[PDB]
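Working notes for the structure below.
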Amino acid sequence: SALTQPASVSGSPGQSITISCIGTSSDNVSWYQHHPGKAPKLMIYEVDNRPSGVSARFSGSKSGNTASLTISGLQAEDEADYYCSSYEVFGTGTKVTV
Amino acid sequence: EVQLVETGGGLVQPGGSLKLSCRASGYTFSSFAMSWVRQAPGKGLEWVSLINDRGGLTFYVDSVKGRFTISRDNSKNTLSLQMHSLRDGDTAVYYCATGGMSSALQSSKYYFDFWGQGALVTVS
Amino acid sequence: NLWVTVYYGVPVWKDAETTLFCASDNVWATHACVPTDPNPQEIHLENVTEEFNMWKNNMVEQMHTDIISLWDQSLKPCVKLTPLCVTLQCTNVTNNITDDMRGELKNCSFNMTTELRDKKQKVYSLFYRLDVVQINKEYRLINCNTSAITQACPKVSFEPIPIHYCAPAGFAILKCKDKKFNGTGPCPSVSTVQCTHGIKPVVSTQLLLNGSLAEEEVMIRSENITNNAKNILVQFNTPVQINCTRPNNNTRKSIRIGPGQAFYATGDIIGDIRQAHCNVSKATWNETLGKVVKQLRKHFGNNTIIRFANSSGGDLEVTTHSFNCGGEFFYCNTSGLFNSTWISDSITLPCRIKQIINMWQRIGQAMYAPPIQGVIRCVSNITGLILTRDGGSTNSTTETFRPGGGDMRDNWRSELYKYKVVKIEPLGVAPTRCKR
Amino acid sequence: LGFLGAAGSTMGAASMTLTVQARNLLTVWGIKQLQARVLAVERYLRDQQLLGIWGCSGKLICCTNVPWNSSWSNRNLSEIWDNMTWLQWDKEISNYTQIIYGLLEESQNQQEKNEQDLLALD
Amino acid sequence: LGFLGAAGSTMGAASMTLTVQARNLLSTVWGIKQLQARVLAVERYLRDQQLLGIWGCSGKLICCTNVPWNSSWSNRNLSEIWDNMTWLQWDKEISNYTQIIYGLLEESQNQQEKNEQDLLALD
Amino acid sequence: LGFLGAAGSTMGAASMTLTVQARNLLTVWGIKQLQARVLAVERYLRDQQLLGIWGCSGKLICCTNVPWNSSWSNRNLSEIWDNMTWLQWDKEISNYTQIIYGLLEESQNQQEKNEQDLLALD
Amino acid sequence: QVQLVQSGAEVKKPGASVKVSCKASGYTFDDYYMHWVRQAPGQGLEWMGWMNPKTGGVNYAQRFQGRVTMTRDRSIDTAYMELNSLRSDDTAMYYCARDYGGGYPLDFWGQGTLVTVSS
Ligand SMILES: *[C@@H]1O[C@H](CO)[C@@H](O[C@@H]2O[C@H](CO)[C@@H](O[C@@H]3O[C@H](CO)[C@@H](O)[C@H](O)[C@@H]3O)[C@H](O)[C@H]2NC(C)=O)[C@H](O)[C@H]1NC(C)=O
Ligand SMILES: *[C@@H]1O[C@H](CO)[C@@H](O[C@@H]2O[C@H](CO)[C@@H](O)[C@H](O)[C@H]2NC(C)=O)[C@H](O)[C@H]1NC(C)=O
Ligand SMILES: *[C@@H]1O[C@H](CO)[C@@H](O[C@@H]2O[C@H](CO)[C@@H](O)[C@H](O)[C@H]2NC(C)=O)[C@H](O)[C@H]1NC(C)=O
Ligand SMILES: *[C@@H]1O[C@H](CO)[C@@H](O[C@@H]2O[C@H](CO)[C@@H](O)[C@H](O)[C@H]2NC(C)=O)[C@H](O)[C@H]1NC(C)=O
Ligand SMILES: *[C@@H]1O[C@H](CO)[C@@H](O[C@@H]2O[C@H](CO)[C@@H](O)[C@H](O)[C@H]2NC(C)=O)[C@H](O)[C@H]1NC(C)=O
Ligand SMILES: *[C@@H]1O[C@H](CO)[C@@H](O)[C@H](O)[C@H]1NC(C)=O
Ligand SMILES: *[C@@H]1O[C@H](CO)[C@@H](O)[C@H](O)[C@H]1NC(C)=O
Ligand SMILES: *[C@@H]1O[C@H](CO)[C@@H](O)[C@H](O)[C@H]1NC(C)=O
Ligand SMILES: *[C@@H]1O[C@H](CO)[C@@H](O)[C@H](O)[C@H]1NC(C)=O
Ligand SMILES: *[C@@H]1O[C@H](CO)[C@@H](O)[C@H](O)[C@H]1NC(C)=O
Ligand SMILES: *[C@@H]1O[C@H](CO)[C@@H](O)[C@H](O)[C@H]1NC(C)=O
Ligand SMILES: *[C@@H]1O[C@H](CO)[C@@H](O)[C@H](O)[C@H]1NC(C)=O
Ligand SMILES: *[C@@H]1O[C@H](CO)[C@@H](O)[C@H](O)[C@H]1NC(C)=O
Ligand SMILES: *[C@@H]1O[C@H](CO)[C@@H](O)[C@H](O)[C@H]1NC(C)=O
Ligand SMILES: *[C@@H]1O[C@H](CO)[C@@H](O)[C@H](O)[C@H]1NC(C)=O
Ligand SMILES: *[C@@H]1O[C@H](CO)[C@@H](O)[C@H](O)[C@H]1NC(C)=O
Ligand SMILES: *[C@@H]1O[C@H](CO)[C@@H](O)[C@H](O)[C@H]1NC(C)=O
Ligand SMILES: *[C@@H]1O[C@H](CO)[C@@H](O)[C@H](O)[C@H]1NC(C)=O
Ligand SMILES: *[C@@H]1O[C@H](CO)[C@@H](O)[C@H](O)[C@H]1NC(C)=O
Ligand SMILES: *[C@@H]1O[C@H](CO)[C@@H](O)[C@H](O)[C@H]1NC(C)=O
Ligand SMILES: *[C@@H]1O[C@H](CO)[C@@H](O)[C@H](O)[C@H]1NC(C)=O
Ligand SMILES: *[C@@H]1O[C@H](CO)[C@@H](O)[C@H](O)[C@H]1NC(C)=O
Ligand SMILES: *[C@@H]1O[C@H](CO)[C@@H](O)[C@H](O)[C@H]1NC(C)=O
Ligand SMILES: *[C@@H]1O[C@H](CO)[C@@H](O)[C@H](O)[C@H]1NC(C)=O
């Protein structure tokens, strides 16, 4: 497919912005966080499930034809590019600038 | 409807022996218990006999406990009552009824749903 | 009022993972299997719909474990060819050689041990070009730096024999009798059986060989048809006839190597050396691929171009169709069968033979297949395919399918997809009107 | 029909054929067959002991003295025995199953004591 | 006499020693062989006990049942069956009819269990 | 009180906890564990057969027809059921247990013959 | 702790080939698929393919078919990715990611190598 993501999300700590993966099929939606200079990591295993050892601040959800990642509060440490994925298809990247 | 059609008859010696038969229709035969209830000519009702759904269980009043045999043939949907010896107090119209007992699996009854037209047994 | 009544023997079961046992009428189906009653029983369950999932069925894992264990046991009371890792002096074979097997069979002489330790003997054997790597015309066997090698016993046959997996007492095997069953989900037609049907433990990749055909139409079975990482099992409605041969008139020599141990080696090829080609019926194969495409269109769309191409790469066991034919291990080049574009005579496959086989993709345990004398015929029925789907497509109206496999469990999933094992729980309670 | 044949039949019909299921409760494969046989014996004996402590030893249809609590299931007899199968019932009462077992055990204990006291009334 | 002592005795005399032959049913190549033998003995005992259980004879050595005897199986009188015959000759005589008797006993117990359940339904 | 919790308790108090202590009675390492499990099964079956031949099958508290002989223990019912534990009692009458069991078997044999005759008297 | 360590950065000329290694540690290599993915020079992540080391099987993205060869050496648990006929579009960060059991979860993602293509 062709996943579409919001290029830039802005805010400040406690805003709790949400990132939306437009165009995904149902089930097995994964989320990845990419820090420039470091290799990425897997934030959401499938729709909402999260890897052991990752903060509870990240929580996924689905809205039928749309998936989303909810951050409980934009802590200063958490700025990066977030990619949603269904199978091999990657989005365009959401520049989460504080 | 549910129809219970007795045949039997009534002309019996005071020390004789008779058999009544009763056919049933309009419902599932093998799932109801059956009974015989007698009514003397001009007096009230008396329960006589009770048979389970499967025909294995018989119950009688004490006055006929050693004389009457109640039996059921589920395959032909018939009930029968064999009377031996008898006595002068046995003058009555006998009725089949569906009810009076139920298996543990099904709901309780302890009452009679449908009563047949019956047959008159008179001991000369 | 209602009271609790206890019932023992109620027809209740739950999914469970237990150990099943072998029954049968040799590497497989050995004397440790109990004999099979010639009268099977199948107690059809009317009004029962059960959920099946062939991709998490633990009797496939049990089947795999039993096959590995039987394979390992059959090689134990046999000759270990540790002294055979010596420096080989090999020359090419030019006696009546054809133009196809050019540089494939090599005549190799070496100093072999004999009955007495004090003496050595100069002996010669023919080896294929896949079982010889070039140290520094000096050659060694391919296994000598990775594996210990055991020779298979000459009196043990590699022919598959049907094995029935039977449940122990207290457990039951439920068979799905539906004809459109796709491997997952509810099955409205379930029967309980004492044991499974006769399952031949056939070892193959790329294409599936002998087995049970689909009853109505070609079935496409996958855990997730849209997920690239999963294999697609294609079960044929009609078999495709395949005739594989080893036309070389071979012979077997017995080289004594120790106190009662012997090595069986190739001696010479009486007559012309020709390629061990294999022929698959062409019209039947095309008709079958047409059926496969027609079934795939129900999952990918009726406006999608279906392409077949050969394996993208990997070990010989997965890029070619491996199988055991008459005791020889064939690796046939099926890149003449997966070459097509579908828009909405016979086929001859070259093959190679390998004598040094590392089965089940393990490291450390190699086996030497002793050569079989005489020509070798195999006539068999292709009953299914293992396909994968190429990912990362940029042309959205076409899909490319390539053969795959190599994980032998995905072969047995083509046979155990109808069966589930359940645990019986005969004890239960229910309300009744009776009171103790 | 044969083994588990009544599974799709109603509870009041499947309960008529309890002996059919009851009679079917009793190196690579040497140790595996031995473990399977010991497992089958252990499960059968655990079920028989569990019936024993309830006072239901030797019977397949055993009536007890534990009243039915409407919180476990409030469906009447015409919906349980005539319009339901055993598998559906097992799903329905699974959560409360252990609770029922506990009450059954307790009931037998009281009825085991009381009967003993009657045998002491000279 | 102990185990199998009443083997040549008449069944009348032998029936009084049933406990003696009842207690003798219960007690890596040799490890697997002996565990197979012990499990075999346990399974045979439990099959016999389950078979008695489904007949309504659990816990009994002499169990009377409600199945009539059929002259076709054997027309012998009790003065020959119990007083002039051993269990071996008997068992050989009614070998061809054993399965029929077992089926009748099973059906009789099923009918009796349903009858007992109904007799407790009545209030 | 869990498994063996009444071990130091009064016999008349320990006699209410029979169920807890009855429910808990049921390659080389595989052979060892199978030997232990088969041994546990055989001990359970020997105890159950021994109860069976006494006519006590399916019961935990079984009254019998064998009178108590003062020689085994000339102790009044209070000293046994109110003051002693089962361990002290088991030590007290261990010498005679093989006698007692034998008598029990004999009484059941007589009882069975008696039952047989009554079922025929008719 | 599972780790995946990759070779250092490399600079190649157009037409040359590049072999990127990925050594796995902390888990059984044979049981989990390896996935090779591009970062692309300032664009989002682009998946190129996976390899099943137990059999050696490979699955290449259609756009890279014929150009990329995937292999492994199971004796020291290292995967290899060979790119032939490099072009200026191929300069990127390249990563090896283990698979989460089966399916497409890329879990452990290695450290990455920068392949630079220039004249
Ligand atoms: C799929 O099934 C076919 C047909 O059963 C298999 O062909 C059979 O292969 C066996 C060897 O695996 C043949 O055995 C040989 O038979 C000849 C008969 O003279 C004998 O000389 C040899 O010593 C050996 O016993 C068998 O005859 C042959 N059957 C037929 C009808 O050709 C085939 O091998 C099976 N597939 C696979 C992958 O093994
Ligand atoms: C498989 O097909 C090939 C090709 O048609 C067959 O080859 C023929 O073989 C015979 C000898 O058996 C030769 O006389 C012919 O000239 C060959 N024809 C060719 C090369 O076109 C082969 O026999 C077939 N075999 C099977 C059943 O193994
Ligand atoms: C493989 O060999 C079989 C025989 O082993 C061939 O079978 C013959 O097929 C023809 C039609 O093609 C029939 O007329 C004959 O009756 C068959 N003979 C026998 C002995 O069965 C078969 O043709 C060959 N298959 C392929 C694909 O080449
Ligand atoms: C799949 O088929 C292709 C052709 O479509 C084969 O590619 C040839 O491979 C040989 C070496 O094996 C090269 O010498 C040729 O140049 C290749 N040809 C082309 C057009 O690329 C490939 O080997 C086959 N793969 C298999 C059988 O695994
Ligand atoms: C399997 O068969 C294919 C086609 O039959 C082979 O591809 C040929 O390989 C030769 C060897 O160099 C090339 O010269 C031809 O140009 C190729 N033909 C085509 C149509 O591409 C392939 O190499 C074979 N597989 C293996 C592993 O050798
Ligand atoms: C993939 O298959 C599993 C099991 O068969 C199923 O539960 C799941 O929903 C499927 N998922 C997809 C389409 O993402
Ligand atoms: C055998 O033939 C092949 C053909 O390529 C050649 O490479 C090899 O060197 C030959 N071996 C000898 C010993 O001549
Ligand atoms: C056998 O050994 C001798 C030395 O003992 C050596 O000269 C000869 O090359 C060896 N044989 C072969 C085939 O290499
Ligand atoms: C073993 O030898 C082969 C020669 O084909 C070589 O490719 C491989 O790397 C070697 N492996 C080991 C573990 O030595
Ligand atoms: C497989 O069949 C079941 C039952 O019909 C259905 O639930 C499931 O979605 C099917 N899968 C596909 C891919 O059609
Ligand atoms: C091959 O197909 C034929 C069709 O008649 C069938 O009879 C035969 O059993 C099949 N052989 C195997 C090995 O399955
Ligand atoms: C291999 O070499 C030996 C050397 O004596 C020769 O006799 C034999 O014929 C050769 N084998 C073949 C198949 O040409
Ligand atoms: C044979 O194969 C070709 C491959 O393109 C296909 O187009 C054609 O329709 C097939 N013919 C039949 C009769 O199936
Ligand atoms: C493969 O496909 C081409 C068409 O793309 C066809 O012409 C050729 O004959 C095929 N090659 C084979 C089967 O080796
Ligand atoms: C192979 O050749 C030998 C000659 O030594 C001959 O006796 C035999 O019959 C041949 N076998 C076959 C299958 O052609
Ligand atoms: C299945 O249910 C039907 C009614 O839907 C009933 O007539 C039939 O007897 C049932 N079959 C079994 C085997 O219980
Ligand atoms: C058992 O408990 C679960 C969770 O509390 C509940 O969802 C389910 O409905 C219960 N099962 C029943 C009532 O059969
Ligand atoms: C054997 O038979 C004789 C009479 O024939 C009898 O006295 C004796 O007791 C029998 N032996 C036994 C052990 O029953
Ligand atoms: C006795 O057996 C005969 C045939 O063996 C049969 O016809 C008869 O009905 C049986 N009578 C019974 C069971 O009373
Ligand atoms: C039993 O029958 C035999 C003849 O077979 C006869 O001698 C004996 O007196 C009979 N006994 C009785 C009690 O009828
Ligand atoms: C121990 O004995 C004391 C009296 O000596 C009593 O209060 C207590 O309950 C006993 N505990 C147990 C577990 O029997
Ligand atoms: C009680 O025990 C004594 C000693 O063991 C024994 O001699 C005596 O006979 C027994 N009592 C009776 C009533 O038999
Ligand atoms: C039992 O005997 C003891 C002996 O000390 C005595 O103290 C107690 O009162 C007796 N109990 C009775 C007779 O109930
Ligand atoms: C039981 O016997 C042993 C050995 O004869 C003896 O020491 C002990 O005192 C006896 N116990 C009783 C309670 O008689």
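Chain identifiers are assigned as A, B, and so on, following the order in which chains appear in the structure tokens; residues are numbered from 1 within each chain, and ligands are numbered from 1 in order of appearance.
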
**Item:** Env. residues ligand 10 / 12 Å / only C-alpha atoms and all ligand atoms / as a PyMOL selection string
**Value:** chain C and resi 49-54+178-188+219-227+232+295-300

**Message:** DSSP on the backbone: which residues in stretch 16-78 of chain D end up as helix (DSSP H, G or I)? Give the answer as a PyMOL selection string.
**Reply:** chain D and resi 16-22+30-53+77-78

**Request:** Please check which protein, DNA or RNA residues sit within 7 Å of ligand 19, counting only C-alpha atoms and all ligand atoms, and write them as a ChimeraX atom specification.
**Result:** /E:68,70-73

**Request:** Please provide the set of residues having any atom within 9 Å of residue A:86, restricted to only C-alpha atoms, with same-chain residues fewer than 2 positions apart removed, written as a ChimeraX atom specification.
**Result:** /A:1,3,24-30,84,88-90 /G:104

Output C-alpha atoms for every residue in the selection just made, as a JSON list (two decimals), in the first residue's frame.
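Dumped to selection-v7.json:
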[["chain", "number", "residue", "atom", "x", "y", "z"],
["A", 1, "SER", "CA", 0.00, 0.00, 0.00],
["A", 3, "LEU", "CA", 0.85, 4.75, 4.12],
["A", 24, "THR", "CA", -3.39, 0.89, 6.95],
["A", 25, "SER", "CA", -5.10, -2.47, 6.66],
["A", 26, "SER", "CA", -6.49, -4.13, 9.76],
["A", 27, "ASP", "CA", -4.23, -5.90, 12.32],
["A", 28, "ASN", "CA", -0.38, -6.01, 12.66],
["A", 29, "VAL", "CA", 0.32, -2.28, 12.72],
["A", 30, "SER", "CA", 3.74, -1.59, 14.19],
["A", 84, "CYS", "CA", 4.25, 3.29, 11.25],
["A", 88, "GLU", "CA", 7.21, -3.85, 4.71],
["A", 89, "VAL", "CA", 5.48, -0.56, 3.85],
["A", 90, "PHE", "CA", 6.84, 2.44, 5.76],
["G", 104, "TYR", "CA", 7.13, -8.55, 9.83]]

**Item:** Residues of stretch 30-133 of chain C in strand (DSSP E or B), written as a VMD selection string
**Value:** chain C and resid 34 to 35 42 to 45 50 to 53 80 88 to 92 97 105 to 113 120 to 128 133

Could the residues in this selection be written to a file with N, CA and C atoms, as an mmCIF file, in the first residue's frame?
data_model
loop_
_atom_site.group_PDB
_atom_site.id
_atom_site.type_symbol
_atom_site.label_atom_id
_atom_site.label_comp_id
_atom_site.auth_asym_id
_atom_site.auth_seq_id
_atom_site.Cartn_x
_atom_site.Cartn_y
_atom_site.Cartn_z
ATOM 1 N N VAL C 34 3.187 -49.944 16.875
ATOM 2 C CA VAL C 34 2.219 -50.997 17.167
ATOM 3 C C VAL C 34 1.455 -51.318 15.885
ATOM 4 N N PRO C 35 0.905 -52.523 15.708
ATOM 5 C CA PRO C 35 0.210 -52.812 14.451
ATOM 6 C C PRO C 35 -1.131 -52.099 14.395
ATOM 7 N N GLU C 42 -14.675 -44.133 12.170
ATOM 8 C CA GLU C 42 -14.835 -42.687 12.093
ATOM 9 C C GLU C 42 -16.247 -42.361 12.553
ATOM 10 N N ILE C 43 -16.344 -41.722 13.713
ATOM 11 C CA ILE C 43 -17.613 -41.395 14.347
ATOM 12 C C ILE C 43 -18.002 -39.954 14.054
ATOM 13 N N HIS C 44 -18.625 -39.733 12.884
ATOM 14 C CA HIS C 44 -19.080 -38.409 12.455
ATOM 15 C C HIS C 44 -19.837 -37.697 13.569
ATOM 16 N N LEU C 45 -19.537 -36.422 13.780
ATOM 17 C CA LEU C 45 -20.184 -35.640 14.821
ATOM 18 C C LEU C 45 -21.154 -34.688 14.139
ATOM 19 N N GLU C 50 -16.264 -27.009 14.998
ATOM 20 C CA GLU C 50 -15.080 -26.851 15.832
ATOM 21 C C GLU C 50 -14.087 -25.915 15.163
ATOM 22 N N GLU C 51 -13.350 -25.153 15.962
ATOM 23 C CA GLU C 51 -12.364 -24.236 15.411
ATOM 24 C C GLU C 51 -11.029 -24.949 15.252
ATOM 25 N N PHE C 52 -10.457 -24.859 14.055
ATOM 26 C CA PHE C 52 -9.177 -25.468 13.738
ATOM 27 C C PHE C 52 -8.164 -24.384 13.400
ATOM 28 N N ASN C 53 -6.886 -24.702 13.611
ATOM 29 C CA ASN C 53 -5.794 -23.806 13.234
ATOM 30 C C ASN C 53 -4.601 -24.702 12.911
ATOM 31 N N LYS C 80 30.762 -45.378 10.728
ATOM 32 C CA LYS C 80 31.144 -43.973 10.704
ATOM 33 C C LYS C 80 32.390 -43.806 9.844
ATOM 34 N N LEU C 88 42.447 -36.404 -1.509
ATOM 35 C CA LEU C 88 42.043 -37.138 -2.696
ATOM 36 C C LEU C 88 42.839 -36.651 -3.899
ATOM 37 N N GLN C 89 43.261 -37.581 -4.742
ATOM 38 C CA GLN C 89 43.901 -37.258 -6.015
ATOM 39 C C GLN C 89 42.883 -37.569 -7.101
ATOM 40 N N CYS C 90 42.265 -36.532 -7.648
ATOM 41 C CA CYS C 90 41.127 -36.703 -8.535
ATOM 42 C C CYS C 90 41.471 -36.216 -9.931
ATOM 43 N N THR C 91 40.976 -36.951 -10.917
ATOM 44 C CA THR C 91 41.012 -36.588 -12.321
ATOM 45 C C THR C 91 39.585 -36.610 -12.846
ATOM 46 N N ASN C 92 39.377 -35.966 -13.986
ATOM 47 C CA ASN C 92 38.040 -35.940 -14.548
ATOM 48 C C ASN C 92 37.745 -37.265 -15.243
ATOM 49 N N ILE C 97 31.765 -39.955 -21.777
ATOM 50 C CA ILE C 97 31.036 -38.870 -21.126
ATOM 51 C C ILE C 97 30.246 -38.038 -22.140
ATOM 52 N N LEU C 105 31.246 -35.833 -12.593
ATOM 53 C CA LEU C 105 31.761 -37.033 -11.949
ATOM 54 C C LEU C 105 33.283 -37.022 -12.008
ATOM 55 N N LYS C 106 33.918 -37.221 -10.856
ATOM 56 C CA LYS C 106 35.366 -37.170 -10.722
ATOM 57 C C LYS C 106 35.878 -38.502 -10.193
ATOM 58 N N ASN C 107 36.917 -39.032 -10.835
ATOM 59 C CA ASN C 107 37.588 -40.248 -10.391
ATOM 60 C C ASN C 107 38.622 -39.836 -9.351
ATOM 61 N N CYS C 108 38.506 -40.336 -8.124
ATOM 62 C CA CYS C 108 39.399 -39.929 -7.048
ATOM 63 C C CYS C 108 40.074 -41.140 -6.421
ATOM 64 N N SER C 109 41.404 -41.121 -6.375
ATOM 65 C CA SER C 109 42.174 -42.156 -5.708
ATOM 66 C C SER C 109 42.681 -41.635 -4.369
ATOM 67 N N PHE C 110 42.754 -42.533 -3.386
ATOM 68 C CA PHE C 110 43.164 -42.157 -2.041
ATOM 69 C C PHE C 110 43.692 -43.374 -1.293
ATOM 70 N N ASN C 111 44.443 -43.098 -0.223
ATOM 71 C CA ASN C 111 45.071 -44.141 0.587
ATOM 72 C C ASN C 111 44.114 -44.433 1.731
ATOM 73 N N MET C 112 43.407 -45.535 1.617
ATOM 74 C CA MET C 112 42.366 -45.930 2.542
ATOM 75 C C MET C 112 42.961 -46.906 3.546
ATOM 76 N N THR C 113 42.368 -46.955 4.734
ATOM 77 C CA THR C 113 42.807 -47.947 5.694
ATOM 78 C C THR C 113 42.299 -49.319 5.268
ATOM 79 N N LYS C 120 48.208 -49.883 4.574
ATOM 80 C CA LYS C 120 47.296 -48.995 3.870
ATOM 81 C C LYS C 120 47.097 -49.526 2.458
ATOM 82 N N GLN C 121 45.998 -49.125 1.824
ATOM 83 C CA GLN C 121 45.708 -49.562 0.468
ATOM 84 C C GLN C 121 45.419 -48.357 -0.413
ATOM 85 N N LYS C 122 45.785 -48.459 -1.682
ATOM 86 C CA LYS C 122 45.457 -47.425 -2.655
ATOM 87 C C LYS C 122 44.173 -47.831 -3.367
ATOM 88 N N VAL C 123 43.106 -47.051 -3.181
ATOM 89 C CA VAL C 123 41.807 -47.407 -3.731
ATOM 90 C C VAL C 123 41.255 -46.181 -4.452
ATOM 91 N N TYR C 124 40.241 -46.396 -5.289
ATOM 92 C CA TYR C 124 39.630 -45.324 -6.062
ATOM 93 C C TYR C 124 38.110 -45.397 -6.002
ATOM 94 N N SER C 125 37.481 -44.225 -6.076
ATOM 95 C CA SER C 125 36.032 -44.095 -6.054
ATOM 96 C C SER C 125 35.623 -42.877 -6.872
ATOM 97 N N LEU C 126 34.449 -42.954 -7.492
ATOM 98 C CA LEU C 126 33.877 -41.814 -8.196
ATOM 99 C C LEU C 126 33.042 -40.968 -7.243
ATOM 100 N N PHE C 127 33.250 -39.655 -7.284
ATOM 101 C CA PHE C 127 32.487 -38.719 -6.473
ATOM 102 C C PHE C 127 31.883 -37.647 -7.366
ATOM 103 N N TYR C 128 30.765 -37.084 -6.927
ATOM 104 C CA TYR C 128 30.152 -36.013 -7.691
ATOM 105 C C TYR C 128 30.918 -34.712 -7.458
ATOM 106 N N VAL C 133 35.586 -30.271 -2.523
ATOM 107 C CA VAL C 133 36.125 -28.916 -2.516
ATOM 108 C C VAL C 133 37.634 -29.024 -2.680
#

**Message:** Just want the residues within 10 Å of ligand 4, written as a list in words, counting only C-alpha atoms and all ligand atoms.
**Reply:**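 Using only C-alpha atoms and all ligand atoms, everything at most 10 Å from ligand 4 comes to residues 309, 310, 311, 312, 313, 314, 315, 316, 318, 319, 320, 321, 332, 333, 334, 335, 336, 338, 339 and 403 of chain C; 66 of chain G.
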
Which neighbours of residue B:108 fall inside 10 Å, counting only C-alpha atoms, when residues of the same chain fewer than 2 positions from it are skipped, and could you give them as a compact mmCIF listing (two decimals) with N, CA and C atoms, in the first residue's frame?
# COMPACT_ATOMS: atom_id res chain seq x y z
N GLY B 99 -49.45 -36.74 32.54
CA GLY B 99 -48.96 -35.96 33.64
C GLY B 99 -48.86 -36.80 34.89
N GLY B 100 -48.51 -36.13 35.99
CA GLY B 100 -48.42 -36.78 37.27
C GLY B 100 -47.01 -37.09 37.72
N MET B 101 -46.04 -37.08 36.80
CA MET B 101 -44.65 -37.28 37.16
C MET B 101 -43.83 -36.79 35.97
N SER B 102 -42.58 -36.45 36.22
CA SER B 102 -41.67 -36.11 35.15
C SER B 102 -40.27 -36.53 35.55
N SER B 103 -39.45 -36.84 34.55
CA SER B 103 -38.05 -37.15 34.77
C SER B 103 -37.32 -35.93 35.32
N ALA B 104 -36.18 -36.20 35.98
CA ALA B 104 -35.39 -35.14 36.63
C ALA B 104 -34.93 -34.08 35.63
N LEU B 105 -34.61 -34.50 34.40
CA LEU B 105 -34.11 -33.58 33.39
C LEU B 105 -35.14 -32.52 33.02
N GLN B 106 -36.41 -32.91 32.92
CA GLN B 106 -37.46 -31.99 32.52
C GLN B 106 -38.08 -31.31 33.73
N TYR B 110 -46.56 -32.90 38.36
CA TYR B 110 -47.45 -33.27 39.47
C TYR B 110 -48.90 -32.82 39.23
N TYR B 111 -49.31 -32.77 37.96
CA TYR B 111 -50.69 -32.48 37.57
C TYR B 111 -50.94 -33.13 36.21
N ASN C 1 -37.18 -26.48 43.20
CA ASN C 1 -35.78 -26.08 43.27
C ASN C 1 -34.89 -27.05 42.52
N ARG C 433 -33.71 -31.98 39.00
CA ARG C 433 -34.68 -31.96 40.08
C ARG C 433 -34.46 -33.02 41.14
N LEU D 77 -34.92 -25.68 32.95
CA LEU D 77 -34.58 -27.02 32.48
C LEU D 77 -34.90 -27.23 31.01
N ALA E 121 -36.19 -37.58 41.93
CA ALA E 121 -36.87 -36.36 41.43
C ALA E 121 -38.16 -36.17 42.20
N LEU E 122 -39.09 -37.12 42.11
CA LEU E 122 -40.27 -37.10 42.97
C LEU E 122 -39.99 -36.42 44.31
N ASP E 123 -40.87 -35.50 44.69
CA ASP E 123 -40.66 -34.73 45.91
C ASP E 123 -41.08 -35.54 47.13

Near-ligand residues for ligand 12, threshold 6 Å, only C-alpha atoms and all ligand atoms, as a short mmCIF file (atom, residue, chain, number, x, y, z; two decimals) with N, CA and C atoms, in the first residue's frame:
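Contents of the output file pocket_39.cif:
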data_model
loop_
_atom_site.label_atom_id
_atom_site.label_comp_id
_atom_site.auth_asym_id
_atom_site.auth_seq_id
_atom_site.Cartn_x
_atom_site.Cartn_y
_atom_site.Cartn_z
N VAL C 93 36.46 -37.59 -15.34
CA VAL C 93 36.01 -38.79 -16.03
C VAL C 93 35.65 -38.45 -17.48
N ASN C 95 35.42 -41.16 -19.95
CA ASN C 95 35.10 -42.41 -20.65
C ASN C 95 33.63 -42.41 -21.04
N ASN C 107 36.92 -39.03 -10.83
CA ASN C 107 37.59 -40.25 -10.39
C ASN C 107 38.62 -39.84 -9.35
N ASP C 268 32.47 -47.78 -11.40
CA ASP C 268 32.51 -47.23 -12.75
C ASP C 268 31.08 -47.19 -13.28
N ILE C 269 30.89 -46.44 -14.35
CA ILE C 269 29.60 -46.31 -15.01
C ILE C 269 29.64 -47.13 -16.29
#
